[PDB]
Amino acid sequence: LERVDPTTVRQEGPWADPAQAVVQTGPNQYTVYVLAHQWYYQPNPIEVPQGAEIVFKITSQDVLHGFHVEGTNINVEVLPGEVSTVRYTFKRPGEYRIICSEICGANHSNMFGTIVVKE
């Protein structure tokens, strides 16, 4: 179980700088640091190449959220203080919508993100 301090995730660690969310870890491997907030996803959009192995590292800076990418088998809870790891390879270029699968307050029904998969 990979744990982090939710009260400092925006000040230190790999979720602190949104511009550095996508890190290449291999020739066709990328780690993506996703930080869920009430009520939006950091970063937005997530930009990754087609056919690359993506390792999502997702955590929350406040409450329980969800991270479900439509058209995929990605569907995980996002707990404050814990890192959810999801591995996925996007076969087709285009845009994939992230939806929050866990009720998280007022703007839950509009908490959407975007993943743009480049050819």
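All residue numbers refer to positions in the sequence shown, first residue = 1.
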Study note, to complete from the structure: Stretch with higher mean Cα temperature factor, 8-16 vs 102-110, is 102-110
Check your understanding: Do the C-alpha atoms of 52-60 or of 90-98 have the higher average B factor in the entry?
Key -> 90-98
Study note, to complete from the structure: Chain-relative C-alpha B factor for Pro43 (record values, thirds): the lowest
Review point. For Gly66, does the deposited CA B-factor place it in the lowest, middle or highest third of the chain?
Key: middle
Review point. Among the modelled residues of its chain, does the C-alpha B-factor of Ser84 lie in the lowest, middle or highest third?
Key: lowest
Revision key, fill the gap. Here the Cα B-factor of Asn28, set against its chain, lands in the third termed middle
